[PDB]
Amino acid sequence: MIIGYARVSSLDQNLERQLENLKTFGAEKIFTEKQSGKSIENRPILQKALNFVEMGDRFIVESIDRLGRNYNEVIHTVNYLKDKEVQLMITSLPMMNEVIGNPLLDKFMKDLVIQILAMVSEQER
C-alpha cells in the first residue's frame, strides 16, 4: 500500500501541487496536515500516518522538508520507517535508479542525501 503525507503551515502555499504530486506517484491514502514542521509532537496527523503504515507499504512525500523542519525528528522518522520495513520515497527526488556502480555506495549516498535534505530543512527555519 502507498501512503502519502502532505503538510502545509498555511494555505498560502500551493497545496495543489503537493497533493497532485503525491497522487501522481500512486498515493492510495493521503494524510493532509495544516501545521508547523518545527516539531512532530503537535502533529497527530503524521503520528497517525506513521502508526498506520506497516511492512510492505510505501510512505511517500513531495519533499523531506514537508516531513519536518527538525533534523533529529526527521532522522528518527526515517529510521522508524526502515526498522518497520516501509520504503520512503520523495516526489522531488525519487532516486529509484542506480547512480554509482556499487550497490553499497548507492545506499550510502541515498542515506546521505536524505540527511543533507533533512538538515537544510532546519537550516531554513
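Residue numbers here begin at 1 and follow the sequence given.
**Student:** Averaging C-alpha B-factors over each stretch, which comes out higher, 7 to 15 or 112 to 120?
**Tutor:** According to the entry, 7 to 15 carries the higher average C-alpha B-factor.
**Student:** Decide which of the stretches 68 to 76 and 55 to 63 has the higher mean C-alpha B-factor, going by the entry.
**Tutor:** Comparing averages over the C-alpha atoms only gives 55 to 63.
**Student:** Test of reading the entry: by CA B factor among the chain's modelled residues, which third contains residue 96?
**Tutor:** Residue 96: CA B-factor falls in the highest third of its chain.
**Student:** Of the three thirds of its chain by CA temperature factor, lowest, middle or highest, which one includes residue 30?
**Tutor:** Its C-alpha B-factor, which the entry lists for residue 30, ranks in the middle third among residues of this chain.
**Student:** Which third, lowest, middle or highest, does the C-alpha temperature factor of residue 86 belong to within its own chain?
**Tutor:** Middle third of the chain for residue 86's C-alpha B-factor.
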